[PDB]
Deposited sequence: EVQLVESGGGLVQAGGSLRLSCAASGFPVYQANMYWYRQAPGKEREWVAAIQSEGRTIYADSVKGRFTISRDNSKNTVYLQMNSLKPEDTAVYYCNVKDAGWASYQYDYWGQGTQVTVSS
C-alpha cells in the first residue's frame, strides 16, 4: 500500500528552521513526483516539489527559504524549511502525484504534519 508518513513538524520561533520528513512506502521516491502542500481557513497551496527527474521546484512564497530533497536509500522526501514566518503556520502535506512514466497516478496524500510558527 502507498503510504506517505509526514514527520518533523512542531512549534518553531519566527526565523527558525524545521526539517519535515515524508517516509514513503509502496513506490520508489527517486522516480516519483513528490509534492509538498500546506493548508493554513485557506485552500491547500503547493509548497515545493522534487520531480521524477530530480528537478526541484518551489512556490514563490517559499522559494529561496525551503529546500526539498529526497533520500533514495531511505525512500524519504525532506522539506528543509528555513527563515520560517508566522505565515508558514499550516498543516504540511506530502503528496505523490505519480511514479513517473509507466506508473500510476496515485494522487496519494499523507495525513499531514502541523507546523506552528510563533512570532
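Unmodelled region of the deposited chain sequence (numbering from residue 1): 41 only.
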